[PDB]
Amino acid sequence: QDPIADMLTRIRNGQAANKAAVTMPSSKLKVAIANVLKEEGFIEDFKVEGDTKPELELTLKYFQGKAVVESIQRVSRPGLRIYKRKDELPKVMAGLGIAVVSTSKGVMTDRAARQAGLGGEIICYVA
């Protein structure tokens, strides 16, 4: 029903149990999210394995004994879709939070969207 929550739950859980990696069925959206999470220091790497069932492998990150991801939350969900115009996006108040946004030019951070002059669906918050 909500394949993104599984991603986020899996990350959340992985980091609570100090698992070095978590793996899950892939999608193009998941890979897009994994890509942003990487650019922004939240995971070490992601990769995709096999063809029939693509598994997505995320390598979690630890800062000398901690989890780098302090909280990862769904915002938009099938059930309650959340969208923001460019001007409505986070305005720089959470001081390390990124919102992950799906825009008509791809999945990017709330900062990158602001810079492109786009709003979009808010997939999650990570901090």
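Residue numbers here begin at 1 and follow the sequence given.
State which stretch shows the higher mean Cα B factor in the entry: 64 to 72 or 78 to 86. Averaged over C-alpha atoms, the B-factors run higher in 64 to 72.
Name the higher of the two by mean Cα B-factor in the PDB entry, 106 to 114 versus 14 to 22. The stretch with the larger mean CA B-factor is 14 to 22.
Sorting the chain's CA B-factors, does residue 6 end up in the lowest, middle or highest third? Middle third.
Check where residue 31 lands among this chain's C-alpha B-factors and tell me if it's the lowest, middle or highest third. Ranked within chain, residue 31 CA B lands in the lowest tercile.
Would the CA B-factor of residue 43 place it in the lowest, middle or highest third of its chain? Tercile = middle for this residue's CA B-factor.
Taking the chain's C-alpha temperature factors as the reference, tell me which third residue 99 falls into: lowest, middle or highest. Tercile = middle for this residue's CA B-factor.
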